[PDB]
Structures are given as structure tokens and as C-alpha cells.
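Asker: Whatever this is, show me its structure:
(one chain, ligands or ions: 1)
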Amino acid sequence: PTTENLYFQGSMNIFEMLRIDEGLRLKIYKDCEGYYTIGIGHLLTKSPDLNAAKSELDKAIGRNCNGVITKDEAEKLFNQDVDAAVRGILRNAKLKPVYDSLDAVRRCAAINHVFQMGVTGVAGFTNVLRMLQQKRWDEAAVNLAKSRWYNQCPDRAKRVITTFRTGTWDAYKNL
Ligand SMILES: OCCn1cccn1
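Answerer: Residues are numbered from 1 along each chain as shown. Below is the structure in question.
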């Protein structure tokens, strides 16, 4: 690895990771599962009603947005959502021990997974959690690749799975 290559891991963190997996959109759009989303992976509602999405948006941002936000607002909402995912892991009796056992890079993958699926969804992956705690990385990655989360929307999940396998940031290189 070059001097520049060795600096790459210092440029990656949970924010940069999710920013790549979720993208950045300033107008309401439907994600790969058909759910109204905005910003950096902020799911507004699972309701099919765009008015519901707009109502949630205005609530979240605090002004009359009419379905559009600024980059600064996207970033603030993103930081709030990341904090929520971390807090959700740390207070959960099943996820905290697994998270604590992980290295720094896999901890980011854990937060990313919770950001995407929510706490109960992730806490339901009983086998994967045991595999991770036992450092069975290849088995964990194969099992994640069986999930509906990954299979219904592979591009948003693939990088996370690779990161659980390797504990490096390589899947986020060379976009
Ligand atoms: O995403 C599976 C790993 N994980 C552990 C705690 C939260 N997530």
C-alpha cells in the first residue's frame, strides 16, 4: 500500500460509509423497497401516501419543506439517525455484547446494519450474531447473504457484508 493508501482508513468512518451505501438525495424519493426516503437514507414512513412522507419530513426538519431539503439539513438528520442507531445497539442486551466484541471497522458495519434494518431486525439474526461474536467472519458473511435485507436490495447491503467478512474498508474504495 502507498502512503496515500495507508491514509485511506483515516478518511473512512460510519458517516462516510453510510453516505456511500445510502447516497445523498435532497428530494423525497422511493428506496429500493418502495419506501419514501430523503437525505442520506432517512426513511420517512412505510406508508404509500406521499402526503404522509411530506408530513414526516416537515416534522423531522422543523419547517415547511414541501419535499425538499438542503445538504446541511440532510447532514443534520443523518447525524441524528446515526446517533439513534448507536444508542439503539448500546442499550440492547443482545446487540451490545456483540458490538463490544467487534473491532472498529466491524463496529461501523454493525451500526450501518442497524441504521438500515432497525434494532429488532438485526437482533433477530441469531446465528449471524453468534458467528460474529465467535469471529467466524466467512460464515457470518454467507449467512448475511441469505437475508431478505441483502437479497431484496443488494447494492445497499453488499458493502456492509464484505466489511463484516474482512474488517477492512476495501469495499468502499474505488467507487
Ligand atoms: O449487524 C450485526 C452485528 N451487530 C452487532 C450489534 C449490532 N449489530
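Asker: Every contact and neighbour count from this point should use C-alpha atoms.
Answerer: Will do.
Asker: Contacts made by stretch 36-47 with the rest, please.
Answerer: 18-19, 22-31, 35, 48, 50, 52-53, 56-57, 69, 71, 74-75, 77-78, 81, 116 (CA atoms under 8 Å, 6 or more residues apart in numbering).
Asker: Show me the helices in this protein, by range?
Answerer: 3-11, 14-22, 50-61, 71-90, 95-101, 104-117, 119-123, 126-133, 137-144, 148-152, 154-166 (DSSP state H).
Asker: re the thing from before, got a quick ChimeraX command for the buried subset of the contacts of stretch 36-47?
Answerer: A single ChimeraX command selects the buried members of the contacts of stretch 36-47 (16 or more other CA atoms under 10 Å):
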select :18,19,22,24,25,26,27,28,29,31,35,50,53,56,57,69,74,75,77,78,81,116
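Asker: ok, and of the contacts of stretch 36-47, which contact the ligand?
Answerer: When contact is defined as CA under 6 Å from any ligand atom, these do not meet the ligand at all.
Asker: check contacts around residue 85.
Answerer: Shown in contact with residue 85 (CA under 8 Å, 6+ apart): 111-112, 114-115, 118-119.
Asker: residues from the protein in reach of the ligand?
Answerer: Counting by CA under 6 Å from any ligand atom, the chain sits next to the ligand at 89, 95-96, 98-99, 110, 113, 122, 129.
Asker: Dump these into JSON lines; add distance to residue 163 and neighbour count as well.
Answerer: Output for the residues of the chain next to the ligand, formatted as JSON lines (distance: CA to CA, whole Å; neighbours: other CA atoms under 10 Å):
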{"residue": "89", "distance to residue 163": "18", "neighbour count": "25"}
{"residue": "95", "distance to residue 163": "18", "neighbour count": "20"}
{"residue": "96", "distance to residue 163": "19", "neighbour count": "15"}
{"residue": "98", "distance to residue 163": "15", "neighbour count": "19"}
{"residue": "99", "distance to residue 163": "14", "neighbour count": "22"}
{"residue": "110", "distance to residue 163": "10", "neighbour count": "25"}
{"residue": "113", "distance to residue 163": "11", "neighbour count": "20"}
{"residue": "122", "distance to residue 163": "16", "neighbour count": "20"}
{"residue": "129", "distance to residue 163": "15", "neighbour count": "20"}
